[PDB]
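The form solved without this ligand is given below as one chain in structure tokens.
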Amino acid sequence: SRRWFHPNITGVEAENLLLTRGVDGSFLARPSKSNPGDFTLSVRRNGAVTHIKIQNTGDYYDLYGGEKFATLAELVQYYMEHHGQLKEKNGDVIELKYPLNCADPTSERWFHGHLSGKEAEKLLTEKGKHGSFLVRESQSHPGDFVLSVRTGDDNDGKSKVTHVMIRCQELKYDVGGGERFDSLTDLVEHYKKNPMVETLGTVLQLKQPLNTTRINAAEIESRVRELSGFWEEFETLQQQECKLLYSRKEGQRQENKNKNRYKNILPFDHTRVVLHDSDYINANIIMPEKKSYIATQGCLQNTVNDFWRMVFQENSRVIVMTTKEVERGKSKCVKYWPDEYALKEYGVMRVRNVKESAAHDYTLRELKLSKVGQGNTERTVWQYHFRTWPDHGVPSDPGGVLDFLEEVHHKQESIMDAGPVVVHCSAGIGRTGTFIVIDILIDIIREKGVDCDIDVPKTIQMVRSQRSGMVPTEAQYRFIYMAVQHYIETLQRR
């Protein structure tokens, strides 16, 4: 439940914590502040802290000496049931036994930090519903806190807002009597199981935080200005990846292990793309919860046939490739399409590269796909290979991505049948999720104009529940905001 993440700690205090408050097996995770976007795993072992590093360059989480992962929560959930698996260079094992839990409530949804009382009142009044709540700093008493809950129905006087006071006396929290909690979290979590009840009957359910992230599309410029809260909005979104540890059984079966480019990065069972054309592909349906996506890894040699099986099956007509076949030294996606004017068979599937149309940013490839045997199954499949994405981090301008997606959007739109759009990169979660979320958001705006409601984090979490760890980096996060922003002022061109 990600209490083992400590987002504001330097490496040297993480030594102290594990030594004063920890035992052997105790561990926490923290952001590398020597490599923004990276993370460091701290594990106490033989009276000694040792820091293991985790790289995230946009594709996945790379445990230095460990394996590669989708989220940090999945990483930790992995090793705590795979003892012996965290070996060190010299062979001996590192056990991850006891999560050192953090007290910093900042990355909680319901936690608002500063904020006045009336201001919270406006918010809880305007945006809130029954059970809606928040915690803010007092206000009348520095060091202390205030929780605020709405209760009622859908002016009426049938709804109200109650404020409870949270005293912090010597490291611990309380509502003025009774139990004293070590953290605001434990305090909160508690009163969700066991609601404070008022004298006269009134029950204060902590039923949902208050949305702090949804904005009108038109005033995006101003909201961006303010986040330059970016790391803070992101960190707060990171903190919910613990709610998303859905099963991935099919991914793990012995027969499917070699169909996964990275053994640990797997489709959720409930949204995996099942084949009836084996039935396994490392691929998830991403449905906006009209136009859908399939998010997938780049082709492995032994999967290229399935990939085409899937594209056929799904009736997809547009494919978004977001990766060079080899990047930074390593294979990223094997070439699964034929050379120009060529026809190639991939099992029962069959592909002709009809034309390649090199743009400045990307290369399109018109491909006719069919089944061997029946010549009527021929469908044009338009492959938009995107060429100009940096091996490290994110592009400078969003314009290039944007112009690329418009073209893609129009193609999908012009083909009436057109099933889900296929997007892939290396592991199919980083750049893949980044386009898909951008595409989704622009699509909302496109159907509702500039005076509509968007909510980036709400959207990312929505997509993350369909495939593991979509958009892993703060840089991808900031970029998603930069692109949407960009999209607006080019709409105001007319």
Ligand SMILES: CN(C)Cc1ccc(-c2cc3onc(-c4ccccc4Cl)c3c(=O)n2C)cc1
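When you see a residue number, it is the position in the sequence shown, counting from 1.
Although not depicted, the form solved in complex with this ligand is the subject of the following passage.
J.: Work out which of the listed stretches, 209-217, 304-312, 348-356, 166-174, brings a heavy atom within 4.5 angstroms of this ligand in the deposited bound form.
T.: This holds for exactly one stretch, 209-217.
J.: Identify which of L237, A120, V273, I319 has a heavy atom within 4.5 Å of this ligand in the deposited bound form; exactly one of them does.
T.: Exactly one residue meets the criterion: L237.
J.: Quick check on this chain: which one of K411, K129, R109, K371 has a heavy atom within 4.5 Å of this ligand in the deposited bound form?
T.: Checked against the cut-off, the match is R109.
J.: Indicate whether this ligand has at least one heavy atom within 4.5 Å of a heavy atom of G66 in the deposited bound form.
T.: No, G66 stays farther than 4.5 Å from this ligand in the deposited bound form.
J.: For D443, is any heavy atom within 4.5 Å of this ligand in the deposited bound form, or not?
T.: Result no; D443 lies far from this ligand in the deposited bound form.
J.: Hey, in the deposited bound form, does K458 get a heavy atom within 4.5 angstroms of this ligand?
T.: Yes, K458 sits close enough to this ligand in the deposited bound form that at least one of its heavy atoms falls within 4.5 Å.
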